[PDB]
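Data block below; observations after.
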Amino acid sequence: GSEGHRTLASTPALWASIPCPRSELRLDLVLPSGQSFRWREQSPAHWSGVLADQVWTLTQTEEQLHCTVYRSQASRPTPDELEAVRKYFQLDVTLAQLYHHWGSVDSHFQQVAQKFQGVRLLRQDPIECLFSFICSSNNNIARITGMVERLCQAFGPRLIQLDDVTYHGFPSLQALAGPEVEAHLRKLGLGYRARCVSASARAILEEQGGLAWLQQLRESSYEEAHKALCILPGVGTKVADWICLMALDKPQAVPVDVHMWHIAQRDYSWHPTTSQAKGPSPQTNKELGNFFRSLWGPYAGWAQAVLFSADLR
DNA sequence: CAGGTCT
DNA sequence: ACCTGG
Ligand SMILES: *CCOCCOCCS*
Ligand SMILES: [Mg+2]
Ligand SMILES: [Mg+2]
Ligand SMILES: [Mg+2]
Ligand SMILES: [Mg+2]
C-alpha cells in the first residue's frame, strides 16, 4: 500500500485535485504524444514522471485533475506544488477559447477538433527539450524514448525509486558537457547523436553564456530565439521550432515536416506560390509555416498539435 | 531514396 | 554538400 506507484483508489488521502475539465486537458493525448519522452502510464489511466524536480503520478476524472507527489512523511501536494502542475500544463491557456477561434477561421479544424479535445502544449524545460529533440534526428518515437531514458539514467541525479523504476532528473549542462560523455552515450545506443549532445552541452556552457543564455530566449522574440538555437550542433530549423514551441514560450512556432506537408496538401490544397521549388525545401517550409501562422494566429503551433493528435489514429 | 542538418 | 533508418 505504502510502497510502489500510487493510484487514486489505493491511497486516496495522498491525492489533491486541480479543477480542470477533460476538454481542457486529455493526459492520454498530451503525455505520450512525443512532446515529453519521460511520462509513463505505469497503472491504467495513471501517468508518472518528473515535474519540478520531484516525481508525480497524475490521473483525471471528468472535472478534476488528480495529483500526488513523492517527496519524508507522505502527504498531499501543497498549494504551491499544485501550481507547478498548472504551470507545466499552462492551464490559464483555455482551450475552449482557442478551439473556438481556430474553428471560426478554419472549418476543417472545426470538423476535426471536436473528436480531439484537450490537446495542449506542455511548458517543458529548455535543456530537457533541446537534448531530447537532438536525439530525435533520423529517429522514431519508440527508440527516442529509450535513448532519453538511458541518457537520464546514466547522467541525471537519482530522485527516488518506486517499484523497480528509479526516477532520474534530466542531466545538467555540466554533466552532458563532461569528459567521455560521447563515448558513454554511444555505448547507450545514441550513435552519432552522442557527439551532438556533447558538442551542444559544451557550446552552450563554454561559448554562449550557459544556462542563462538559453533561459533568457524565453524573453526574446521567436525570430531571435530560433536564430540563436540554430547555431547549436544537432539543431536545425525543425528542431529549433520544436524547442521554441515546447520550451521557450513561442506558441506561434509551426515546426514544418513532411507530416505537415501531408496535412497542408490533403486538407487545405496548399501549394507553394512565392517559392520556386514544388516539394519540401528551406524556402518552401518557411512559406508553409507562415501560411498556418496567418490562418491560425499567434497560437498556430497549438493548433497543429490538435491536427497532429487527430491524424494519429 | 526519405527527410533532417551543416557550411 | 553531409548524415542514418525503411
Ligand atoms: C543530417 C546531418 O546530421 C548532422 C549531424 O552531424 C554530426 C554531428 S552530431
Ligand atoms: Mg522533451
Ligand atoms: Mg561532453
Ligand atoms: Mg545547428
Ligand atoms: Mg491563434
Side-chain angles (χ1 to χ4, degrees), chain A residues 33-37 124 126-151 176-177 181-208 213-214 217 222-248 250 253-268 270-272 275-293 300-301 304-305 307-308 311-313:
Chain A
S33 68
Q35 288 192 44
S36 176
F37 299 84
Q124 301 194 74
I127 294 299
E128 174 162 4
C129 191
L130 171 52
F131 293 106
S132 301
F133 279 73
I134 285 164
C135 293
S136 66
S137 301
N138 298 4
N139 216 2
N140 54 67
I141 299 177
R143 293 204 310 161
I144 293 158
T145 312
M147 281 167 38
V148 169
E149 184 175 321
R150 290 190 291 282
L151 177 135
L176 295 179
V181 171
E182 183 182 334
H184 192 171
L185 286 173
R186 277 180 193 283
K187 299 264 184 191
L188 309 177
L190 279 77
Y192 80 112
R193 306 172 205 76
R195 182 175 295 285
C196 282
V197 171
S198 185
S200 296
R202 283 173 178 172
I204 293 165
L205 200 60
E206 306 174 324
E207 299 168 33
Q208 297 300 331
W213 169 81
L214 192 66
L217 305 182
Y222 167 45
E223 284 73 14
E224 285 285 287
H226 188 269
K227 190 173 68 172
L229 292 169
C230 285
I231 81 199
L232 302 182
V235 182
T237 299
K238 179 191 163 182
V239 172
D241 278 324
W242 285 122
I243 298 157
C244 283
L245 183 63
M246 293 182 176
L248 304 179
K250 315 307 181 221
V254 177
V256 184
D257 46 20
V258 170
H259 187 197
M260 199 58 164
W261 274 75
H262 299 332
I263 288 179
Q265 286 176 328
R266 102 198 207 284
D267 303 324
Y268 303 86
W270 184 88
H271 273 67
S275 306
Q276 283 78 44
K278 291 177 185 183
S281 71
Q283 201 184 353
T284 52
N285 292 346
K286 192 151 176 192
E287 193 184 341
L288 187 51
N290 288 339
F291 176 80
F292 290 112
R293 223 165 272 119
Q304 188 192 56
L307 296 191
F308 273 18
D311 201 293
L312 192 284
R313 64 193 303 164

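Here is the naming used below: chain letters follow the sequence lines, and residue numbers restart at 1 for every chain. Values reported hereafter were calculated over all heavy atoms of this structure, with side chains retained and with hydrogens, waters and symmetry mates removed.
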Sugar-phosphate, base or nothing in reach of A:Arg193, heavy atoms under 4.0 Å: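 Result for A:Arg193 = sugar-phosphate.
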Closest to side chain of [X], choosing from [options]:
X	options	value
A:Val258	B:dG3, B:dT5, C:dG6	B:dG3
A:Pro233	B:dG3, C:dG5, B:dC6	B:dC6
A:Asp257	C:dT4, B:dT5, B:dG4	B:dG4

A:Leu190 CG - C:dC3 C1' separation (whole Å):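 Nearest whole value for this atom pair: 15 Å.
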Rounded interatomic separation in angstrom, taking CD1 from A:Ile134 and P from B:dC6: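 That distance rounds to 9 Å.
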Let me confirm one number: the [atom1]-[atom2] distance from [X] to [Y], rounded to the nearest 0.5 Å.
X	Y	atom1	atom2	value
A:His271	A:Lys278	NE2	NZ	8.0 Å
A:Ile134	A:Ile144	CD1	CD1	12.5 Å
A:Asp311	A:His259	CG	NE2	3.5 Å

Check: B:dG3 base within 3.5 Å donor-acceptor of A:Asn138 side chain: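 Under the 3.5 Å cut-off, the side chain and the base do form a donor-acceptor pair.
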Geometric class of the A:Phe37/A:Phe133 ring pair [parallel <30°, tilted 30-60°, perpendicular >60°]: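 A:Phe133 vs A:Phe37 ring planes: perpendicular.
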Nearest-nucleotide comparison on DNA chain B, the residue closer to the 5′ end among A:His262 and A:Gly234: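 The residue mapped nearer the 5' terminus is A:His262.
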Side-chain N or O of A:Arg143 closer than 4.0 Å to phosphate OP1/OP2 of C:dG5: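 Answer yes for this pair, as a side-chain N or O of A:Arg143 is under 4.0 Å from OP1 or OP2.
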